[PDB]
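Content type compact mmCIF, N, CA and C atoms, from the file entry_19.txt:
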```txt
# COMPACT_ATOMS: atom_id res chain seq x y z
N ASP N 101 14.10 20.34 8.60
CA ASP N 101 15.11 19.40 8.11
C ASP N 101 15.69 19.88 6.79
N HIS N 102 16.98 19.63 6.59
CA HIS N 102 17.66 20.03 5.37
C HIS N 102 18.26 18.82 4.65
N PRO N 103 17.38 17.97 4.10
CA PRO N 103 17.80 16.76 3.38
C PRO N 103 18.48 17.08 2.05
N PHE N 104 18.77 16.04 1.28
CA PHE N 104 19.42 16.21 -0.01
C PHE N 104 18.52 16.99 -0.97
N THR N 105 19.14 17.68 -1.92
CA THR N 105 18.40 18.47 -2.90
C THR N 105 17.48 17.59 -3.73
N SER N 106 16.17 17.80 -3.58
CA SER N 106 15.18 17.03 -4.31
C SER N 106 13.79 17.62 -4.14
N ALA N 107 12.85 17.18 -4.97
CA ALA N 107 11.48 17.67 -4.92
C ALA N 107 10.49 16.57 -5.31
N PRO N 108 9.22 16.75 -4.91
CA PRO N 108 8.16 15.79 -5.21
C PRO N 108 7.80 15.76 -6.69
N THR N 109 7.02 14.76 -7.08
CA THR N 109 6.61 14.62 -8.47
C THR N 109 5.15 15.02 -8.66
N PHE N 110 4.24 14.19 -8.16
CA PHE N 110 2.81 14.46 -8.27
C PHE N 110 2.15 14.47 -6.89
N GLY N 111 0.84 14.69 -6.87
CA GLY N 111 0.11 14.72 -5.61
C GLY N 111 -0.62 13.42 -5.34
N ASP N 112 -0.62 13.00 -4.08
CA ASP N 112 -1.29 11.77 -3.69
C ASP N 112 -2.18 11.99 -2.47
N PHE N 113 -3.12 11.08 -2.25
CA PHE N 113 -4.04 11.18 -1.12
C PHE N 113 -4.74 9.85 -0.86
N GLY N 114 -5.14 9.63 0.38
CA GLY N 114 -5.81 8.39 0.74
C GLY N 114 -6.98 8.62 1.68
N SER N 115 -8.18 8.71 1.11
CA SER N 115 -9.39 8.94 1.90
C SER N 115 -9.86 7.64 2.54
N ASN N 116 -9.80 6.55 1.78
CA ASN N 116 -10.23 5.25 2.27
C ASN N 116 -9.51 4.89 3.56
N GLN N 117 -10.20 4.18 4.44
CA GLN N 117 -9.62 3.77 5.72
C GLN N 117 -8.93 2.42 5.60
N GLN N 118 -7.60 2.45 5.48
CA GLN N 118 -6.82 1.23 5.35
C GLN N 118 -5.69 1.20 6.38
N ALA N 119 -5.02 0.06 6.48
CA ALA N 119 -3.92 -0.10 7.42
C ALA N 119 -2.58 0.23 6.77
N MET N 120 -2.01 1.37 7.15
CA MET N 120 -0.73 1.81 6.61
C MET N 120 0.37 1.72 7.66
N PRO N 121 1.53 1.18 7.25
CA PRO N 121 2.68 1.02 8.15
C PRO N 121 3.31 2.35 8.52
N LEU N 122 4.52 2.29 9.06
CA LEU N 122 5.24 3.50 9.46
C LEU N 122 6.44 3.75 8.55
N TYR N 123 6.64 2.85 7.59
CA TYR N 123 7.74 2.98 6.65
C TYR N 123 7.23 3.12 5.22
N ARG N 124 6.00 2.66 4.99
CA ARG N 124 5.39 2.74 3.66
C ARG N 124 3.98 3.31 3.75
N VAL N 125 3.89 4.64 3.71
CA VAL N 125 2.59 5.31 3.78
C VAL N 125 1.74 4.99 2.56
N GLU N 126 2.37 4.41 1.54
CA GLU N 126 1.67 4.06 0.31
C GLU N 126 2.33 2.86 -0.36
N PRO N 127 1.59 2.22 -1.28
CA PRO N 127 2.08 1.05 -2.01
C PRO N 127 3.18 1.41 -3.01
N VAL N 128 4.10 0.48 -3.23
CA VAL N 128 5.20 0.70 -4.16
C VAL N 128 4.71 0.66 -5.60
N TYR N 129 4.78 1.80 -6.28
CA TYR N 129 4.35 1.89 -7.67
C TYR N 129 5.33 1.19 -8.60
N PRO N 130 4.80 0.44 -9.57
CA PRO N 130 5.61 -0.30 -10.54
C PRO N 130 6.32 0.63 -11.52
N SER N 131 6.83 0.06 -12.61
CA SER N 131 7.54 0.84 -13.62
C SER N 131 6.83 0.76 -14.96
N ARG N 132 6.48 -0.46 -15.37
CA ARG N 132 5.80 -0.67 -16.64
C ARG N 132 4.34 -0.25 -16.55
N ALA N 133 3.62 -0.81 -15.58
CA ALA N 133 2.21 -0.49 -15.38
C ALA N 133 2.01 1.01 -15.26
N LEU N 134 3.03 1.71 -14.78
CA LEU N 134 2.96 3.16 -14.62
C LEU N 134 2.93 3.86 -15.97
N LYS N 135 3.68 3.33 -16.93
CA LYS N 135 3.74 3.90 -18.27
C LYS N 135 2.64 3.32 -19.15
N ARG N 136 2.04 2.23 -18.70
CA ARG N 136 0.97 1.58 -19.45
C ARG N 136 -0.11 2.58 -19.84
N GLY N 137 -0.97 2.92 -18.88
CA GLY N 137 -2.04 3.87 -19.14
C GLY N 137 -3.32 3.50 -18.43
N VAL N 138 -3.38 2.28 -17.91
CA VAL N 138 -4.57 1.81 -17.20
C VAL N 138 -4.50 2.18 -15.72
N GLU N 139 -5.67 2.39 -15.11
CA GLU N 139 -5.74 2.74 -13.70
C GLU N 139 -6.58 1.73 -12.93
N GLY N 140 -5.99 0.58 -12.63
CA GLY N 140 -6.70 -0.45 -11.90
C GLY N 140 -6.83 -0.14 -10.42
N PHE N 141 -6.51 -1.12 -9.58
CA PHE N 141 -6.60 -0.94 -8.14
C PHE N 141 -5.95 -2.11 -7.41
N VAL N 142 -5.68 -1.93 -6.12
CA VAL N 142 -5.06 -2.97 -5.31
C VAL N 142 -5.83 -3.18 -4.01
N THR N 143 -6.40 -4.38 -3.86
CA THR N 143 -7.16 -4.71 -2.67
C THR N 143 -6.61 -5.97 -2.00
N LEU N 144 -5.93 -5.78 -0.87
CA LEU N 144 -5.35 -6.90 -0.14
C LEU N 144 -5.98 -7.02 1.25
N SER N 145 -6.39 -8.24 1.60
CA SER N 145 -7.01 -8.49 2.89
C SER N 145 -6.06 -9.23 3.82
N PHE N 146 -5.47 -8.50 4.76
CA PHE N 146 -4.53 -9.09 5.71
C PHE N 146 -4.94 -8.77 7.15
N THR N 147 -4.38 -9.52 8.10
CA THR N 147 -4.69 -9.32 9.51
C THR N 147 -3.48 -8.78 10.26
N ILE N 148 -3.70 -7.72 11.04
CA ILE N 148 -2.63 -7.10 11.81
C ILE N 148 -2.59 -7.66 13.23
N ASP N 149 -1.65 -8.56 13.48
CA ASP N 149 -1.50 -9.16 14.80
C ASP N 149 -1.31 -8.10 15.87
N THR N 150 -1.83 -8.36 17.07
CA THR N 150 -1.73 -7.42 18.18
C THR N 150 -0.28 -7.00 18.40
N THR N 151 0.65 -7.84 17.97
CA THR N 151 2.08 -7.56 18.12
C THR N 151 2.61 -6.77 16.92
N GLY N 152 1.71 -6.08 16.23
CA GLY N 152 2.11 -5.30 15.07
C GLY N 152 2.74 -6.15 13.98
N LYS N 153 2.07 -7.24 13.64
CA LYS N 153 2.57 -8.15 12.60
C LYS N 153 1.52 -8.35 11.51
N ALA N 154 1.87 -7.96 10.29
CA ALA N 154 0.96 -8.11 9.16
C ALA N 154 1.15 -9.46 8.48
N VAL N 155 0.18 -10.36 8.67
CA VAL N 155 0.24 -11.68 8.07
C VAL N 155 -1.07 -12.04 7.39
N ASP N 156 -1.17 -13.28 6.92
CA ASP N 156 -2.38 -13.74 6.24
C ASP N 156 -2.62 -12.95 4.96
N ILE N 157 -1.54 -12.48 4.35
CA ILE N 157 -1.64 -11.70 3.11
C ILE N 157 -2.48 -12.43 2.07
N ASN N 158 -3.73 -11.99 1.91
CA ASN N 158 -4.64 -12.60 0.95
C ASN N 158 -5.33 -11.53 0.11
N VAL N 159 -5.04 -11.53 -1.19
CA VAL N 159 -5.64 -10.56 -2.10
C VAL N 159 -7.07 -10.95 -2.46
N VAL N 160 -7.96 -9.97 -2.48
CA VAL N 160 -9.36 -10.21 -2.81
C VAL N 160 -9.71 -9.66 -4.19
N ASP N 161 -9.05 -8.58 -4.57
CA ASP N 161 -9.28 -7.96 -5.87
C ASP N 161 -8.19 -6.93 -6.19
N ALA N 162 -7.93 -6.73 -7.47
CA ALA N 162 -6.92 -5.78 -7.91
C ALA N 162 -7.09 -5.43 -9.38
N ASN N 163 -6.03 -4.92 -9.99
CA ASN N 163 -6.07 -4.54 -11.40
C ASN N 163 -6.74 -5.62 -12.24
N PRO N 164 -7.10 -5.27 -13.48
CA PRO N 164 -7.75 -6.19 -14.41
C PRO N 164 -6.81 -7.29 -14.89
N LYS N 165 -5.53 -7.16 -14.55
CA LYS N 165 -4.53 -8.14 -14.95
C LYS N 165 -3.17 -7.81 -14.33
N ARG N 166 -2.31 -8.82 -14.23
CA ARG N 166 -0.98 -8.63 -13.66
C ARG N 166 -0.43 -7.26 -14.02
N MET N 167 -0.50 -6.33 -13.07
CA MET N 167 0.00 -4.98 -13.29
C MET N 167 0.59 -4.41 -12.00
N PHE N 168 -0.27 -3.99 -11.09
CA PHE N 168 0.17 -3.42 -9.82
C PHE N 168 -0.12 -4.38 -8.67
N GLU N 169 -0.64 -5.55 -9.00
CA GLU N 169 -0.97 -6.56 -7.99
C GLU N 169 0.30 -7.10 -7.33
N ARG N 170 1.31 -7.38 -8.14
CA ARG N 170 2.57 -7.90 -7.64
C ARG N 170 3.17 -6.97 -6.59
N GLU N 171 3.45 -5.73 -7.00
CA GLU N 171 4.02 -4.74 -6.10
C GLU N 171 3.16 -4.58 -4.85
N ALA N 172 1.85 -4.56 -5.04
CA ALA N 172 0.92 -4.41 -3.93
C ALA N 172 1.02 -5.60 -2.97
N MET N 173 1.23 -6.79 -3.52
CA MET N 173 1.34 -7.99 -2.71
C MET N 173 2.66 -8.01 -1.95
N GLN N 174 3.77 -7.86 -2.67
CA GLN N 174 5.09 -7.86 -2.06
C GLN N 174 5.23 -6.70 -1.07
N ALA N 175 4.53 -5.60 -1.35
CA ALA N 175 4.58 -4.43 -0.48
C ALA N 175 3.99 -4.74 0.89
N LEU N 176 2.76 -5.24 0.90
CA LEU N 176 2.08 -5.58 2.15
C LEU N 176 2.97 -6.44 3.04
N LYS N 177 3.81 -7.26 2.41
CA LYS N 177 4.72 -8.13 3.14
C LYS N 177 5.93 -7.36 3.64
N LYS N 178 6.72 -6.83 2.71
CA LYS N 178 7.91 -6.07 3.05
C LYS N 178 7.58 -4.95 4.03
N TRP N 179 6.34 -4.47 3.97
CA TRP N 179 5.89 -3.40 4.85
C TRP N 179 6.20 -3.73 6.31
N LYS N 180 6.27 -2.70 7.15
CA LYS N 180 6.55 -2.89 8.57
C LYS N 180 5.56 -2.10 9.42
N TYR N 181 4.83 -2.81 10.27
CA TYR N 181 3.85 -2.19 11.15
C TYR N 181 4.25 -2.34 12.61
N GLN N 182 4.14 -1.25 13.37
CA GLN N 182 4.48 -1.27 14.78
C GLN N 182 3.23 -1.30 15.65
N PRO N 183 3.25 -2.15 16.69
CA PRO N 183 2.12 -2.29 17.62
C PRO N 183 1.93 -1.06 18.50
N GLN N 184 1.36 -0.01 17.92
CA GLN N 184 1.12 1.23 18.65
C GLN N 184 -0.32 1.68 18.50
N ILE N 185 -1.09 1.60 19.58
CA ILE N 185 -2.49 2.00 19.57
C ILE N 185 -2.62 3.51 19.69
N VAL N 186 -3.09 4.15 18.62
CA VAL N 186 -3.27 5.60 18.61
C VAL N 186 -4.60 5.98 17.97
N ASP N 187 -5.12 7.14 18.36
CA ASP N 187 -6.39 7.62 17.82
C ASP N 187 -6.39 7.58 16.30
N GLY N 188 -7.14 6.64 15.74
CA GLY N 188 -7.21 6.51 14.29
C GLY N 188 -6.78 5.14 13.81
N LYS N 189 -5.52 4.80 14.06
CA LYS N 189 -4.98 3.50 13.65
C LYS N 189 -4.51 2.70 14.85
N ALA N 190 -5.25 1.65 15.19
CA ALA N 190 -4.90 0.80 16.32
C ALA N 190 -4.45 -0.58 15.85
N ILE N 191 -4.31 -1.50 16.80
CA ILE N 191 -3.88 -2.86 16.48
C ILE N 191 -5.00 -3.86 16.76
N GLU N 192 -4.72 -5.14 16.51
CA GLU N 192 -5.70 -6.19 16.73
C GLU N 192 -6.89 -6.04 15.80
N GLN N 193 -6.73 -6.51 14.56
CA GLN N 193 -7.79 -6.42 13.57
C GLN N 193 -7.68 -7.55 12.55
N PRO N 194 -8.39 -8.65 12.80
CA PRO N 194 -8.39 -9.82 11.91
C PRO N 194 -9.09 -9.54 10.58
N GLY N 195 -9.74 -8.38 10.49
CA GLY N 195 -10.44 -8.02 9.28
C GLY N 195 -9.99 -6.68 8.72
N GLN N 196 -8.71 -6.59 8.38
CA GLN N 196 -8.16 -5.35 7.84
C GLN N 196 -7.92 -5.47 6.34
N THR N 197 -8.47 -4.53 5.58
CA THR N 197 -8.32 -4.54 4.13
C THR N 197 -7.84 -3.18 3.63
N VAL N 198 -6.97 -3.20 2.62
CA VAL N 198 -6.44 -1.98 2.04
C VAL N 198 -6.77 -1.87 0.56
N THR N 199 -7.65 -0.93 0.22
CA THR N 199 -8.06 -0.73 -1.17
C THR N 199 -7.75 0.69 -1.63
N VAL N 200 -6.89 0.80 -2.64
CA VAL N 200 -6.51 2.10 -3.18
C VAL N 200 -6.44 2.06 -4.70
N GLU N 201 -7.00 3.09 -5.34
CA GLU N 201 -7.00 3.17 -6.79
C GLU N 201 -5.63 3.62 -7.31
N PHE N 202 -5.16 2.95 -8.36
CA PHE N 202 -3.86 3.28 -8.95
C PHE N 202 -4.04 4.14 -10.20
N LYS N 203 -3.73 5.43 -10.07
CA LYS N 203 -3.85 6.36 -11.19
C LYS N 203 -2.50 6.57 -11.87
N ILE N 204 -2.46 6.38 -13.18
CA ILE N 204 -1.23 6.56 -13.94
C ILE N 204 -0.75 8.00 -13.87
N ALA N 205 0.57 8.18 -13.79
CA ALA N 205 1.16 9.51 -13.73
C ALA N 205 0.65 10.40 -14.85
N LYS N 206 0.63 11.70 -14.61
CA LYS N 206 0.16 12.66 -15.61
C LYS N 206 1.33 13.18 -16.45
```

Render the structure in this file as structure tokens.
Amino acid sequence: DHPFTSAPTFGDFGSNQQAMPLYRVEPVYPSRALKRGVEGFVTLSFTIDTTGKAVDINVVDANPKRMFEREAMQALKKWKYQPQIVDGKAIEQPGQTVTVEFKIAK
């Protein structure tokens, strides 16, 4: 592919087993919290309906204070999941949780 002239910034990775959509492979990083300096985390417990619908958005734990929790919350919602059962990520899971550490840019 020959997209518009651009390049990546930093490196990212996700070892933890969480439910990731097909439009947002990762949570939307904030602007202020990014320049802050703290590296909290985002833990949201939601259920993926068999029809590929992410609902019951309920946070269990996150940053030490209003930082990346907002974006993480709104993200899980705005996110879009498709009902496609494939080796690794399937559907129908009333107990799906996504926990990822937020590291400030270098």

* To do: Grab the CA of residue 168 (chain N) to CA of residue 107 (chain N) distance for me, in Å with one decimal place.
  => 24.4 Å

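Closest to residue 144 (chain N) among N:162, N:103, N:131, N:122 is N:162, based on only C-alpha atoms.
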
* To do: Could you jot down the CA of residue 193 (chain N) to CA of residue 163 (chain N) separation for me, Å, one decimal place?
  => 25.1 Å

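Candidate residues N:190, N:205, N:133, N:185 were compared for distance to residue 167 (chain N), and the nearest is N:133, using all atoms listed in the file.
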
* To do: Work out how far CA of residue 198 (chain N) is from CA of residue 134 (chain N), in Å to one decimal.
  =>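 Going from CA of residue 134 (chain N) over to CA of residue 198 (chain N) covers 19.8 Å.
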
Enumerate as a short mmCIF file (atom, residue, chain, number, x, y, z; two decimals) with N, CA and C atoms, in the frame of the given file all residues of chain N assigned to strand (DSSP E or B) by DSSP on the backbone, naming them with the chain letters and numbers the document uses.
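result_7.cif, written as the output of this step:
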```cif
data_model
loop_
_atom_site.label_atom_id
_atom_site.label_comp_id
_atom_site.auth_asym_id
_atom_site.auth_seq_id
_atom_site.Cartn_x
_atom_site.Cartn_y
_atom_site.Cartn_z
N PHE N 141 -6.51 -1.12 -9.58
CA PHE N 141 -6.60 -0.94 -8.14
C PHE N 141 -5.95 -2.11 -7.41
N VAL N 142 -5.68 -1.93 -6.12
CA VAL N 142 -5.06 -2.97 -5.31
C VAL N 142 -5.83 -3.18 -4.01
N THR N 143 -6.40 -4.38 -3.86
CA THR N 143 -7.16 -4.71 -2.67
C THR N 143 -6.61 -5.97 -2.00
N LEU N 144 -5.93 -5.78 -0.87
CA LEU N 144 -5.35 -6.90 -0.14
C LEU N 144 -5.98 -7.02 1.25
N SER N 145 -6.39 -8.24 1.60
CA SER N 145 -7.01 -8.49 2.89
C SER N 145 -6.06 -9.23 3.82
N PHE N 146 -5.47 -8.50 4.76
CA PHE N 146 -4.53 -9.09 5.71
C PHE N 146 -4.94 -8.77 7.15
N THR N 147 -4.38 -9.52 8.10
CA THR N 147 -4.69 -9.32 9.51
C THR N 147 -3.48 -8.78 10.26
N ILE N 148 -3.70 -7.72 11.04
CA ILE N 148 -2.63 -7.10 11.81
C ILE N 148 -2.59 -7.66 13.23
N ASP N 149 -1.65 -8.56 13.48
CA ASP N 149 -1.50 -9.16 14.80
C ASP N 149 -1.31 -8.10 15.87
N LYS N 153 2.07 -7.24 13.64
CA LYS N 153 2.57 -8.15 12.60
C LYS N 153 1.52 -8.35 11.51
N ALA N 154 1.87 -7.96 10.29
CA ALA N 154 0.96 -8.11 9.16
C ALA N 154 1.15 -9.46 8.48
N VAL N 155 0.18 -10.36 8.67
CA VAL N 155 0.24 -11.68 8.07
C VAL N 155 -1.07 -12.04 7.39
N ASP N 156 -1.17 -13.28 6.92
CA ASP N 156 -2.38 -13.74 6.24
C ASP N 156 -2.62 -12.95 4.96
N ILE N 157 -1.54 -12.48 4.35
CA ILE N 157 -1.64 -11.70 3.11
C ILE N 157 -2.48 -12.43 2.07
N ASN N 158 -3.73 -11.99 1.91
CA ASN N 158 -4.64 -12.60 0.95
C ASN N 158 -5.33 -11.53 0.11
N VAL N 159 -5.04 -11.53 -1.19
CA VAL N 159 -5.64 -10.56 -2.10
C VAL N 159 -7.07 -10.95 -2.46
N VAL N 160 -7.96 -9.97 -2.48
CA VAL N 160 -9.36 -10.21 -2.81
C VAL N 160 -9.71 -9.66 -4.19
N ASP N 161 -9.05 -8.58 -4.57
CA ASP N 161 -9.28 -7.96 -5.87
C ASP N 161 -8.19 -6.93 -6.19
N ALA N 162 -7.93 -6.73 -7.47
CA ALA N 162 -6.92 -5.78 -7.91
C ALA N 162 -7.09 -5.43 -9.38
N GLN N 193 -6.73 -6.51 14.56
CA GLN N 193 -7.79 -6.42 13.57
C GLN N 193 -7.68 -7.55 12.55
N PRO N 194 -8.39 -8.65 12.80
CA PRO N 194 -8.39 -9.82 11.91
C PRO N 194 -9.09 -9.54 10.58
N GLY N 195 -9.74 -8.38 10.49
CA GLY N 195 -10.44 -8.02 9.28
C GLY N 195 -9.99 -6.68 8.72
N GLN N 196 -8.71 -6.59 8.38
CA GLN N 196 -8.16 -5.35 7.84
C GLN N 196 -7.92 -5.47 6.34
N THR N 197 -8.47 -4.53 5.58
CA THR N 197 -8.32 -4.54 4.13
C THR N 197 -7.84 -3.18 3.63
N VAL N 198 -6.97 -3.20 2.62
CA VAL N 198 -6.44 -1.98 2.04
C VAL N 198 -6.77 -1.87 0.56
N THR N 199 -7.65 -0.93 0.22
CA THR N 199 -8.06 -0.73 -1.17
C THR N 199 -7.75 0.69 -1.63
N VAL N 200 -6.89 0.80 -2.64
CA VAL N 200 -6.51 2.10 -3.18
C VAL N 200 -6.44 2.06 -4.70
N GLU N 201 -7.00 3.09 -5.34
CA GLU N 201 -7.00 3.17 -6.79
C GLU N 201 -5.63 3.62 -7.31
#
```

* To do: Just the residues within 9 Å of region 113-116 of chain N, please, counting only C-alpha atoms, with nothing from its chain fewer than 5 positions along; format it as a ChimeraX atom specification.
  => /N:126,198-200

* **Spatial sel., origin (0.6, -3.8, -2.8), limit 8 Å, all atoms listed in the file, listed as an MDAnalysis selection string** => chainID N and resid 126:129 142:144 168:177

* Could you give me, as a ChimeraX atom specification, each residue of chain N that DSSP assigns to alpha helix (DSSP H) when run on this structure's backbone? => /N:132-136,169-178

* Structure fact -> Across N:166, N:149, N:158, N:197, the smallest distance to residue 117 (chain N), with only C-alpha atoms counted, is shown by N:197

* Could you check which of N:148, N:119, N:125, N:138 is closest to residue 183 (chain N), using only C-alpha atoms? => N:148

* Asked: Once you count only C-alpha atoms, which residues end up no further than 6 Å from (-2.8, -6.0, 6.6) in the file's frame, shown as a list in words?
  ->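 These residues have at least one counted atom within 6 Å: residues 146, 147, 148, 154 and 196 of chain N.
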
As a PDB file, keeping the file's coordinate frame, could you write out region 178-197 of chain N once it has been completed with N, CA, C and O atoms?
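The result, stored in rebuild_2.pdb:
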```
ATOM      1  N   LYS N 178       6.720  -6.830   2.710  1.00  0.00           N
ATOM      2  CA  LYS N 178       7.910  -6.070   3.050  1.00  0.00           C
ATOM      3  C   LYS N 178       7.580  -4.950   4.030  1.00  0.00           C
ATOM      4  O   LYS N 178       8.423  -4.529   4.819  1.00  0.00           O
ATOM      5  N   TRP N 179       6.340  -4.470   3.970  1.00  0.00           N
ATOM      6  CA  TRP N 179       5.890  -3.400   4.850  1.00  0.00           C
ATOM      7  C   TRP N 179       6.200  -3.730   6.310  1.00  0.00           C
ATOM      8  O   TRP N 179       6.360  -4.898   6.669  1.00  0.00           O
ATOM      9  N   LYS N 180       6.270  -2.700   7.150  1.00  0.00           N
ATOM     10  CA  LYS N 180       6.550  -2.890   8.570  1.00  0.00           C
ATOM     11  C   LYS N 180       5.560  -2.100   9.420  1.00  0.00           C
ATOM     12  O   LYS N 180       5.464  -0.880   9.315  1.00  0.00           O
ATOM     13  N   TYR N 181       4.830  -2.810  10.270  1.00  0.00           N
ATOM     14  CA  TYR N 181       3.850  -2.190  11.150  1.00  0.00           C
ATOM     15  C   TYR N 181       4.250  -2.340  12.610  1.00  0.00           C
ATOM     16  O   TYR N 181       4.641  -3.423  13.049  1.00  0.00           O
ATOM     17  N   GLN N 182       4.140  -1.250  13.370  1.00  0.00           N
ATOM     18  CA  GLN N 182       4.480  -1.270  14.780  1.00  0.00           C
ATOM     19  C   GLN N 182       3.230  -1.300  15.650  1.00  0.00           C
ATOM     20  O   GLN N 182       2.254  -0.589  15.406  1.00  0.00           O
ATOM     21  N   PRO N 183       3.250  -2.150  16.690  1.00  0.00           N
ATOM     22  CA  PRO N 183       2.120  -2.290  17.620  1.00  0.00           C
ATOM     23  C   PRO N 183       1.930  -1.060  18.500  1.00  0.00           C
ATOM     24  O   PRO N 183       2.290  -1.070  19.674  1.00  0.00           O
ATOM     25  N   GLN N 184       1.360  -0.010  17.920  1.00  0.00           N
ATOM     26  CA  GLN N 184       1.120   1.230  18.650  1.00  0.00           C
ATOM     27  C   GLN N 184      -0.320   1.680  18.500  1.00  0.00           C
ATOM     28  O   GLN N 184      -0.741   2.100  17.415  1.00  0.00           O
ATOM     29  N   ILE N 185      -1.090   1.600  19.580  1.00  0.00           N
ATOM     30  CA  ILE N 185      -2.490   2.000  19.570  1.00  0.00           C
ATOM     31  C   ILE N 185      -2.620   3.510  19.690  1.00  0.00           C
ATOM     32  O   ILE N 185      -2.321   4.089  20.735  1.00  0.00           O
ATOM     33  N   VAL N 186      -3.090   4.150  18.620  1.00  0.00           N
ATOM     34  CA  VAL N 186      -3.270   5.600  18.610  1.00  0.00           C
ATOM     35  C   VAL N 186      -4.600   5.980  17.970  1.00  0.00           C
ATOM     36  O   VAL N 186      -5.138   5.243  17.148  1.00  0.00           O
ATOM     37  N   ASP N 187      -5.120   7.140  18.360  1.00  0.00           N
ATOM     38  CA  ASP N 187      -6.390   7.620  17.820  1.00  0.00           C
ATOM     39  C   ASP N 187      -6.390   7.580  16.300  1.00  0.00           C
ATOM     40  O   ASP N 187      -5.716   8.379  15.649  1.00  0.00           O
ATOM     41  N   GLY N 188      -7.140   6.640  15.740  1.00  0.00           N
ATOM     42  CA  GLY N 188      -7.210   6.510  14.290  1.00  0.00           C
ATOM     43  C   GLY N 188      -6.780   5.140  13.810  1.00  0.00           C
ATOM     44  O   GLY N 188      -7.572   4.399  13.229  1.00  0.00           O
ATOM     45  N   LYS N 189      -5.520   4.800  14.060  1.00  0.00           N
ATOM     46  CA  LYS N 189      -4.980   3.500  13.650  1.00  0.00           C
ATOM     47  C   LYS N 189      -4.510   2.700  14.850  1.00  0.00           C
ATOM     48  O   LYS N 189      -3.490   3.029  15.464  1.00  0.00           O
ATOM     49  N   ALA N 190      -5.250   1.650  15.190  1.00  0.00           N
ATOM     50  CA  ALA N 190      -4.900   0.800  16.320  1.00  0.00           C
ATOM     51  C   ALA N 190      -4.450  -0.580  15.850  1.00  0.00           C
ATOM     52  O   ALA N 190      -4.233  -0.798  14.661  1.00  0.00           O
ATOM     53  N   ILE N 191      -4.310  -1.500  16.800  1.00  0.00           N
ATOM     54  CA  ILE N 191      -3.880  -2.860  16.480  1.00  0.00           C
ATOM     55  C   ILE N 191      -5.000  -3.860  16.760  1.00  0.00           C
ATOM     56  O   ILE N 191      -6.083  -3.490  17.209  1.00  0.00           O
ATOM     57  N   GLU N 192      -4.720  -5.140  16.510  1.00  0.00           N
ATOM     58  CA  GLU N 192      -5.700  -6.190  16.730  1.00  0.00           C
ATOM     59  C   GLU N 192      -6.890  -6.040  15.800  1.00  0.00           C
ATOM     60  O   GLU N 192      -7.932  -5.513  16.185  1.00  0.00           O
ATOM     61  N   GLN N 193      -6.730  -6.510  14.560  1.00  0.00           N
ATOM     62  CA  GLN N 193      -7.790  -6.420  13.570  1.00  0.00           C
ATOM     63  C   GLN N 193      -7.680  -7.550  12.550  1.00  0.00           C
ATOM     64  O   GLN N 193      -6.962  -7.439  11.551  1.00  0.00           O
ATOM     65  N   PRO N 194      -8.390  -8.650  12.800  1.00  0.00           N
ATOM     66  CA  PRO N 194      -8.390  -9.820  11.910  1.00  0.00           C
ATOM     67  C   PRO N 194      -9.090  -9.540  10.580  1.00  0.00           C
ATOM     68  O   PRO N 194      -9.048 -10.361   9.666  1.00  0.00           O
ATOM     69  N   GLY N 195      -9.740  -8.380  10.490  1.00  0.00           N
ATOM     70  CA  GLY N 195     -10.440  -8.020   9.280  1.00  0.00           C
ATOM     71  C   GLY N 195      -9.990  -6.680   8.720  1.00  0.00           C
ATOM     72  O   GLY N 195     -10.791  -5.755   8.607  1.00  0.00           O
ATOM     73  N   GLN N 196      -8.710  -6.590   8.380  1.00  0.00           N
ATOM     74  CA  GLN N 196      -8.160  -5.350   7.840  1.00  0.00           C
ATOM     75  C   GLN N 196      -7.920  -5.470   6.340  1.00  0.00           C
ATOM     76  O   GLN N 196      -7.248  -6.398   5.882  1.00  0.00           O
ATOM     77  N   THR N 197      -8.470  -4.530   5.580  1.00  0.00           N
ATOM     78  CA  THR N 197      -8.320  -4.540   4.130  1.00  0.00           C
ATOM     79  C   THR N 197      -7.840  -3.180   3.630  1.00  0.00           C
ATOM     80  O   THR N 197      -8.239  -2.137   4.139  1.00  0.00           O
TER      81      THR N 197
END
```
